[PDB]
Amino acid sequence: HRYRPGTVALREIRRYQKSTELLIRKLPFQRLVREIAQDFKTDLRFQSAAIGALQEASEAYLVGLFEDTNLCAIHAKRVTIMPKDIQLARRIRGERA
Amino acid sequence: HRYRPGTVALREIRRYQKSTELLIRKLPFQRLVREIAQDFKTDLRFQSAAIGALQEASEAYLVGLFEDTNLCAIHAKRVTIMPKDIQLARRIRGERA
Amino acid sequence: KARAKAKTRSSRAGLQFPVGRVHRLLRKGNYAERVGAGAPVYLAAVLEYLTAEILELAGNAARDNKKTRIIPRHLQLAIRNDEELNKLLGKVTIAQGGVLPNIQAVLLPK
Amino acid sequence: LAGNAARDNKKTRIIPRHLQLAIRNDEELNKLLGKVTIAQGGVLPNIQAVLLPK
Amino acid sequence: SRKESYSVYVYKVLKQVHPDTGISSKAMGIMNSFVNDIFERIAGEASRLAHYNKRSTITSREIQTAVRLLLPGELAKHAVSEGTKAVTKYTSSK
Amino acid sequence: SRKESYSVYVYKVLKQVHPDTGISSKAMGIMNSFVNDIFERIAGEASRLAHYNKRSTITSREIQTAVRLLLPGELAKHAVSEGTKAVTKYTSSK
Amino acid sequence: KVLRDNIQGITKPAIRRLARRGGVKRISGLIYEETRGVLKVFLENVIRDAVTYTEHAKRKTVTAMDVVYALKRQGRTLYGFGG
Amino acid sequence: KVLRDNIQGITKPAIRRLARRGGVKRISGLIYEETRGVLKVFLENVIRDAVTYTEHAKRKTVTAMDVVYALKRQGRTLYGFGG
DNA sequence: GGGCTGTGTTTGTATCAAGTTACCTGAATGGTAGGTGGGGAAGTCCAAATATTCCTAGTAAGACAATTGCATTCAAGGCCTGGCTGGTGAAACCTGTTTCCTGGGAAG
Ligand SMILES: [Mg+2]
């Protein structure tokens, strides 16, 4: 009937750790590259295997970030991640100077 | 007269962040390498600039570890580091599999 | 005139990865100026042991989930199941894989 | 930058501590050598301002 | 034109330990690009082993040290002995 | 025998922006080994730029791209324009 | 061509779904303004390294091996697209 | 040559003094059995990579550039000793 | 006691790949001659490792004091979940254009 909080959530963890699908969709990630590329050189083309080389590398970083974020949230006797965790996750690896 | 706890401690932080001295002494670190080298090849010699290349690289790692340990101890509303911090410090960087 | 039977150097060493193709990828990659005759033999073997060891482990995960062909999820999951294969590819993303199933056993429901 | 830190601490010659401290004082010089240990340097003076005494 | 590859030489290894097994196209390219990457790690560490010992020569000794560096633990015990079989078999021939 | 170095060419730069400044022995070796490392990053990325575009030639264009990769942000704006002065001065001579 | 408000294209569930792949049960509402920041840092250190390859060969199309060469540079190798 | 009990050579103040360089005020008494463990992990991934260079040139002395080449391999560069 | 979502089993076809080959060229091999690089054996000298003591400094320890860390309780806020609406994303279709894409070619 009424699920408790943390039950539909844990169904999602075993769901998405099994599939191989695209989580960030294509066109709202393709247009993100058409903002950062405009600075360094206007009028560039992209092969769709290179955009997909980013959509499987940006999703390779956040999942590598959030799984190292959630270590901190558990570490502070919590089960909730917070933006003080990520900003201290990245300072340990040296991914932000 | 009687210092409070945290006063002689904070004198040490501004002391050792100023000097360039050796903290781990030479011979109780030189003999540490004569335990790990015995497995891979017995009867090896070491140049003293190579042992010192380790004494300034092992002290380059723990200080890089403890300064990233103390971020976690402050993060759990504490001022004390604990061995649950280091074992979660290293899991974030990927320095232990 | 004719000549003798051309026996390939991959069949003269008992390997499957070529040695003729590896030996022109050590003289057109500017790795060094001289490349020994035994070096692309020895390197095509190490390319052949490590190509088995993934596909040995990629065969099992295909079988354990009732599959004929190995899709990249199995390559994602054959890696990071083995310990020493993971420490080689510790920095490496495999495309279209997702991650291993993992919960930290604190988020379990109450 | 290694000349300035030698001057600000009243030194004629540049010892590696100054090279340690000229790096990681500048931001963009640090992002080049972010992985790099400099020998015989120690670290910058740093407290997280929570360990200050009470 | 011609794209050289290692795709053919996978079927000659896939049909050695799993003879009733196919492999998809997009999984070939991983085992294709696994090879080209693990090629130039071993070569590109044997290359930098040539400069460190002042020789212009990549021997078959230098590939052995550039496999005992990249492969950890138990792969470094097998892939060494899975090469020195394929050399001793090679040199006794010809 | 002979150990080539960049130690002499530091005093010809140290005495350009701080003419009343010495430098120690063990700090020379850092700026010595800073050079040899930042040499082979730029060369060893210009080298791998030769294979990626199928040329056997390291031009002075390829060193410019292998400095806009290794140097971040504001160093990549100066060290490009601090090279093209030293080339245009060089080529107008001779 | 200019299309703005597309750092806001990384929607609120699609960061939650990425959080679920990392093994995260409960999240805050202030990760969404942190993730979009850390993402655009990572794409301003790949596209900045990718375009200098594509400009160097005087190509107008940043091809598939270009991005892989950029990710080769940072030490995060991507298999499956070549290179 | 064998000399044991020298992971216990990293003494109790010399881990505290390393803790003070990191900016740490108060420590536990159970870091001492953690630090000696994390230290010997780091020296079983450098000496294992250093000796394979020294054996490769058939030298009996692990020289100064050898360790720097090992630290080059892991991605933790050490300046000041060459290399 | 009941329910929901995940899971499984069976069928058909489309698609993807497996198959075999045709050629044709690219490349892969065979036989050779040449030089060079490296490998090997040596030696004086070189750098490190040891045996020692000596002294000293900080290491180790025992005691004490006070803060912090922990565990509980309190209070509520924040977030998760779901019933709903709709705007866009994606998949399928069509193309002209643009760029490449080596490759060859001309001309200064
Ligand atoms: Mg004319």
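The residue numbers of chain B are those assigned by Swiss-Prot, with the residues present covering 40-136 sequentially.
For this deposited structure, the header notes the method as electron microscopy, 3.9 Å.
Cβ coordinates are placed from backbone N, Cα and C, and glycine is handled just like the others.
The annotation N6-methyllysine is assigned in Swiss-Prot to B:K57 (among others) on the grounds of experimental evidence. Shown in sequence order, the list is empty: the chain has no residue 6+ apart in sequence with a C-beta less than 8 angstroms from the C-beta of B:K57 (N6-methyllysine).
B:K57 (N6-methyllysine) falls within neither a helix nor a strand when secondary structure is assigned with DSSP, and so counts as coil. The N6-(beta-hydroxybutyryl)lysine annotation in Swiss-Prot covers B:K57 (among others) and is backed by experimental evidence.
The feature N6-lactoyllysine is assigned by Swiss-Prot to B:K57 (among others), with similarity to another entry given as support.
Positions annotated as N6-(2-hydroxyisobutyryl)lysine by Swiss-Prot: B:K57 (among others).
As annotated by Swiss-Prot, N6-crotonyllysine applies to B:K57.
Taken from Swiss-Prot, the feature phosphoserine covers B:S58 (among others), and the record attributes it to experimental evidence.
Under the heading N6-acetyllysine, Swiss-Prot lists B:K80 (among others). According to DSSP, B:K80 (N6-acetyllysine) sits in a coil region rather than a helix or strand. Its Cβ taken as reference, B:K80 (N6-acetyllysine) is surrounded by 14 other Cβ atoms within 10 Å in the chains shown.
The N6-(2-hydroxyisobutyryl)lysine annotation in Swiss-Prot covers B:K80 (among others).
The phosphothreonine annotation in Swiss-Prot covers B:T81 (among others). Around B:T81 (phosphothreonine), no same-chain residue six or more apart in sequence has its CB under 8 Å from its CB.
Taken from Swiss-Prot, the feature phosphoserine applies to B:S87 (among others), supported by a large-scale study or a structure entry. In the three-state DSSP scheme, B:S87 (phosphoserine) falls into the helix class.
Here B:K116 (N6-glutaryllysine) comes close to no residue that lies at least six apart in sequence on the same chain with a C-beta under 8 angstroms from its C-beta. B:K116 (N6-glutaryllysine) falls outside any helix or strand according to DSSP and counts as coil. For B:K116 (among others), the entry in Swiss-Prot reads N6-glutaryllysine.
In sequence order, no residues are near B:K123 (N6-methyllysine), counting only same-chain partners six or more apart with C-beta under 8 A. In the three-state DSSP reading, B:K123 (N6-methyllysine) counts as helix. The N6-methyllysine annotation in Swiss-Prot covers B:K123 (among others) and rests on experimental evidence.
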Quiz item: If you measure Cβ to Cβ, which of the modified residues B:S87, B:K116, B:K123 are under 8 Å from chain H?
Solution: none
Exercise. Measure from the CA atom of B:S58 (phosphoserine) to the CA atom of B:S87 (phosphoserine) and give the result in Å, rounded to a whole number.
Key: 22
Quiz item: Measuring Cα to Cα, how many angstrom lie between B:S58 (phosphoserine) and B:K80 (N6-acetyllysine)?
Solution: 36
Exercise. Would you list the modified residues among B:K80, B:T81, B:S87 that come within less than 8 Å, Cβ to Cβ, of chain A, in the order they occur in the sequence, writing 'none' if nothing qualifies?
Key: none
